[PDB]
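Novice: Provided herewith is a single structure, encoded as structure tokens, for subsequent inquiry.
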Amino acid sequence: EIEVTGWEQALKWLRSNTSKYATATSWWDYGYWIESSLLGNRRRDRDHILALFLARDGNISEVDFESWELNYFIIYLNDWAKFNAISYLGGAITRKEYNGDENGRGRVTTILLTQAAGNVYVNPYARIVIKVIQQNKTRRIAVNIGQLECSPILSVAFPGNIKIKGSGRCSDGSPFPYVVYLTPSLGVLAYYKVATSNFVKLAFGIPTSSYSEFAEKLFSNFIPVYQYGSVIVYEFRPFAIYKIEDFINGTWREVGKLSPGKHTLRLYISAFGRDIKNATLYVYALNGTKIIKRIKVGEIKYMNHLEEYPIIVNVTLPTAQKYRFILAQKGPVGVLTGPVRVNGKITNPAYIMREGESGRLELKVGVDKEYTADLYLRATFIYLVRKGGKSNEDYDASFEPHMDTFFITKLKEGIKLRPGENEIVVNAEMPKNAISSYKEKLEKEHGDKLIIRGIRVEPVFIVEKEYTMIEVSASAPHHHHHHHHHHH
Ligand SMILES: [Ca+2]
Ligand SMILES: [Cl-]
């Protein structure tokens, strides 16, 4: 029997259900041979940022995917096999842990999977058997790896969230710094530094985080829209609502569906990687795919994406099949649909111009709807900052990735974009020192601890953009159906 990975089905899905201007990304380069007119994103500086997302948890894992115009993020269960690399590249583990020190010793297995085989979990190839033992009025998890038995730091069974401590030691006496997650069909064995990583959450639906509320927020930013085999396609919503409360007969109640009529709602907002600024809230009433009313319900001048707070609104919802909550604010749209030229010449679309340069810049960009855009030149620095070790060459070093973006210069106000391809022509001036200036700043701040991994200079179209925060089904509005005998 063939092993279906899920990839063939997932790409087919993406091709049939998403805009031709949508951006998908992934760890693995499946699909590299697919031909497009698109010079945009369908998936090595960005590797550190992908890994930063996947290998980490909480605040530091909040990467600004919006600046990439990211639409879909593909999670592949088989990436456990690449997880040391991802952990290393994302700053979760040291070089030593990643693949051994200079004597090939000390390497760590970040993620191992076991298959449920009734009451017990196995991986033949790794010679692993995980089982629950009952001894001394109590439960414990035993991980057997060859002849030695091992006690995980912590184990958590799902469904349940049933926590159960252990020693973090083997019968050997030797350390066992692993966490176990038991699900109905998988047993995940994770090294402690990556036990609550986002990959573990999204690959295996484990709702754990070292941080309070973080798993719940994450799941509103990444919506499973399709799955097959070992592939889950998540839609990215940078601004999302993870919990709504209706104020009902004097107390707040968590709600699923909403009835038409007046409501007072408390919206719990998760902002992922970027702040809310000068934002308007809406509700769009929808019948199927038709939008029948747009209602402004609020504004948010500013919310910090690391310290978000609930928002109270009052709304009269008309009758409709479902309600879509929208956040509108400034952000990027447009995918490059042909090559980019400076002064007649084809240039790199990731490095449009060097500091000091000048000239006619020619872009062709595709958008899904009409907008009025401003065009900027935007810089992106992806770099590493050594944490630990006494040198970039020391094996006890880990490297923490960073991504800073800033707008270098505005090139044009009030471009009218049209659904489909748009040809754009403008005069462009790179200030000398735009890049070097920032490079020096980082150098001065971090010293030898700094490794720059990528610098980009990119054209970016800024518009009032609509973001989908959540979709809520309407409830039936009342309240025998013999009315239809001998009808039609
Ligand atoms: Ca956040
Ligand atoms: Cl941006």
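Ordered as shown in the structure tokens, chains take letters A, B, and onward, while each chain numbers its residues from 1 and ligands are numbered from 1 in the order shown.
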How close does each residue of chain A get to ligand 1, giving the shortest atom pair and distance in Å to one decimal for every residue with an atom at most 12 Å away, counting only C-alpha atoms and all ligand atoms, sorted by chain and residue number, as CSV?
Specialist:
```
residue,atom,partner,partner_atom_place_in_ligand_line,distance
A:57,CA,ligand 1,1 (Ca),11.2
A:58,CA,ligand 1,1 (Ca),8.3
A:59,CA,ligand 1,1 (Ca),7.0
A:60,CA,ligand 1,1 (Ca),9.9
A:61,CA,ligand 1,1 (Ca),9.4
A:62,CA,ligand 1,1 (Ca),6.6
A:63,CA,ligand 1,1 (Ca),9.5
A:64,CA,ligand 1,1 (Ca),10.2
A:211,CA,ligand 1,1 (Ca),11.4
A:212,CA,ligand 1,1 (Ca),11.6
A:213,CA,ligand 1,1 (Ca),10.0
A:214,CA,ligand 1,1 (Ca),8.0
A:215,CA,ligand 1,1 (Ca),10.7
A:216,CA,ligand 1,1 (Ca),10.8
A:217,CA,ligand 1,1 (Ca),7.3
A:218,CA,ligand 1,1 (Ca),8.1
A:219,CA,ligand 1,1 (Ca),11.4
A:220,CA,ligand 1,1 (Ca),10.6
A:221,CA,ligand 1,1 (Ca),9.1
A:237,CA,ligand 1,1 (Ca),11.5
A:238,CA,ligand 1,1 (Ca),8.8
A:239,CA,ligand 1,1 (Ca),8.7
A:240,CA,ligand 1,1 (Ca),9.6
A:241,CA,ligand 1,1 (Ca),11.1
A:242,CA,ligand 1,1 (Ca),11.2
A:268,CA,ligand 1,1 (Ca),11.3
A:269,CA,ligand 1,1 (Ca),8.4
A:270,CA,ligand 1,1 (Ca),5.2
A:271,CA,ligand 1,1 (Ca),4.3
A:272,CA,ligand 1,1 (Ca),4.3
A:273,CA,ligand 1,1 (Ca),6.2
A:274,CA,ligand 1,1 (Ca),7.8
A:275,CA,ligand 1,1 (Ca),8.4
A:276,CA,ligand 1,1 (Ca),10.3
A:303,CA,ligand 1,1 (Ca),9.9
A:304,CA,ligand 1,1 (Ca),7.9
A:305,CA,ligand 1,1 (Ca),4.4
A:306,CA,ligand 1,1 (Ca),4.8
A:307,CA,ligand 1,1 (Ca),7.0
A:308,CA,ligand 1,1 (Ca),6.8
A:309,CA,ligand 1,1 (Ca),10.3
```
Novice: Compute the set of protein, DNA and RNA residues whose minimum atom distance to ligand 2 is at most 7 Å, using only C-alpha atoms and all ligand atoms, and state it as a list in words.
Specialist: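 Here is the list of contacting residues: residues 66, 67, 331 and 332 of chain A.
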Novice: Those selected residues, please, written with C-alpha atoms and delivered as a compact mmCIF listing (two decimals), in the first residue's frame.
Specialist:
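Saved the output as again.txt:
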```txt
# COMPACT_ATOMS: atom_id res chain seq x y z
CA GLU A 66 1.86 39.66 7.88
CA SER A 67 4.84 41.57 6.46
CA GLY A 331 -1.11 46.59 5.67
CA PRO A 332 0.50 44.98 2.65
```
Novice: Find the residues around residue 173 of chain A up to 10 Å (only C-alpha atoms counted), leave out those fewer than 3 positions away in its own chain, and share them as a compact mmCIF listing (two decimals) with C-alpha atoms, in the first residue's frame.
Specialist:
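Saved as selection_37.txt:
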```
# COMPACT_ATOMS: atom_id res chain seq x y z
CA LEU A 148 16.51 0.80 30.29
CA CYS A 150 12.78 6.02 31.73
CA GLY A 168 13.35 13.02 34.42
CA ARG A 169 15.71 10.10 34.98
CA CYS A 170 16.27 6.59 33.67
CA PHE A 176 15.90 11.92 30.85
```
Novice: Skipping near chain neighbours, those fewer than 5 positions away, what residues fall within 7 Å of residue 70 of chain A using only C-alpha atoms, listed as a PyMOL selection string?
Specialist: chain A and resi 23-24+65+236
Novice: Write the selection just made, keeping C-alpha atoms, as a PDB file, in the first residue's frame?
Specialist:
```
ATOM      1  CA  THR A  23       0.780  33.010  -0.373  1.00  0.00           C
ATOM      2  CA  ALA A  24       1.514  29.580   1.115  1.00  0.00           C
ATOM      3  CA  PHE A  65       4.124  36.808   8.990  1.00  0.00           C
ATOM      4  CA  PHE A 236      -3.216  32.682   8.854  1.00  0.00           C
TER       5      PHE A 236
END
```
Novice: Which one is closest to residue 108 of chain A: A:123, A:249, A:87, A:26? Count only C-alpha atoms.
Specialist: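 Looking only at the distances to residue 108 of chain A, the closest residue turns out to be A:87.
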Novice: Which is closest to residue 72 of chain A among A:105, A:277, A:42, A:48, if we use only C-alpha atoms?
Specialist: A:42
